[PDB]
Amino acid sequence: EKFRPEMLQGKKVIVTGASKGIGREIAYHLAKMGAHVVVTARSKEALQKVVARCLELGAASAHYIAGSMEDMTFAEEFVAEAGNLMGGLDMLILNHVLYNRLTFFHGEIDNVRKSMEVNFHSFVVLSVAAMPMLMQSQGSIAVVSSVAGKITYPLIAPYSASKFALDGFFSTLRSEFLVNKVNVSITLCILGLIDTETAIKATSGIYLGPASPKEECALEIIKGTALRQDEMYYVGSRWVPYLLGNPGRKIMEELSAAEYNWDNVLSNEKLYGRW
């Protein structure tokens, strides 16, 4: 079941946080594959450059919409406008993340709140807004997370909380989609240190581990999502993913599914509605 760049030709993709870093590279790859893209971020000028580059690169079409993901109204309206621009949606790539730095936690409650809004709540709002289109196209969602969304590291409590939250929410959603045979795939991407300008500045002489290249990172995210994988690990080691992937949890989730009165659940109107 091998990946081929043709899996994305003509596809309608949204990439958030695409004015720089991994997101920008994700846009570029998609353009090379002849996909339709709508990129978003806060910076208009940066987004404009990305759109121009994507067109040169061979994108089927490329547009940008500028706004902050701290604003939930924008997140919601963005998905509608984007769907109009492309006439639908095959893939939703959730990549953006709030500015953060490395510091011991001292009581930055506002930082905790803002991180949860931008890194987490907006991912949920965007997904909800996109779900009708995704269900129609039987499309996919990439949820971009971090090694710090699977284990804990000093110096990034607010960030880690929001990335853990993503795992809890979207992993639960995936399980439901499976039980209800909804054919929208949800891929959780777990990234190690990636050599984006932002990550390198935040960590240079503090965290000493090696960084992985952003170009290959972005491609691996695209592949894993296209192939509809549950999780995609890009952490700079072929072994580390298994220490992160928690065999115990996968076993437990598989076994606990048998504890449900499915006879009832799948035939209970009150547990269902729609979007």
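Start at 1 with the first residue shown and count on from there.
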- Given 111 to 119 and 164 to 172, the range whose Cα B-factors average higher in the PDB entry: 111 to 119
- Query: Do the CA atoms of 176 to 184 or those of 124 to 132 have the higher mean B-factor in the entry?
  - Reply: 176 to 184
- Determine which member of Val240, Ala46, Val39, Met232 has the highest CA B-factor, using the values in the deposited entry. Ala46
- Message: How does the C-alpha B factor of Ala258 compare with the rest of the chain: lowest, middle or highest third?
- Response: highest
- Lowest, middle or highest third - CA B-factor, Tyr207: lowest
- Item | Ranked C-alpha temperature factor of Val97 among modelled chain residues, by third | lowest
- Message: Per the entry's values, where does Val50 land by CA temperature factor relative to the rest of its chain, in the lowest, middle or highest third?
- Response: lowest
- Message: Based on the deposited C-alpha B factors for this chain, I'd like to know if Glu197 is in the lowest, middle or highest third.
- Response: middle
